[PDB]
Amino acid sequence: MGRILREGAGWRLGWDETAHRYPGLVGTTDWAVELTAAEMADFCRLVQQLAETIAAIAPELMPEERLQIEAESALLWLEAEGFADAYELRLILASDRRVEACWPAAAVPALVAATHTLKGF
């Protein structure tokens, strides 16, 4: 898997095999942050894990509580917050230059789908 930039309404996911240290990229339309291979692997794994936990929640016309689920590794921390049919995703990187990121509910499903298009790792 060579050099792909994916993008949509409010999100970006990129990968460059040739990059010596920072081959990954995640972002909204307006912000973006570079990631190491280890972090991009973790980003996908944990984003997909959270999405799947949430999708496994039985549906409800109007749930009483907002959901707040988190998954983390040594390299990053992720949090879903909102409702099963509309939740935000927050990211905080642990290493080197730290960055805090956030995707509105509107953008999340396309981003999650985008992470499956990195079929290596």
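Residue numbers run from 1 along the displayed sequence.
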Decide which of the stretches 81-89 and 51-59 has the higher mean C-alpha B-factor, going by the entry. 81-89
If you rank the chain by CA B-factor, which third does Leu13 end up in: lowest, middle or highest? middle
What third of the chain does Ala106 rank in for C-alpha temperature factor, lowest, middle or highest? middle
Sorting the chain's modelled residues by C-alpha B-factor and splitting them into thirds places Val99 in the lowest
So where's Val26 on the chain's Cα temperature factor ranking, which third? lowest
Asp42 - which third its CA temperature factor falls in, relative to the rest of the chain: lowest
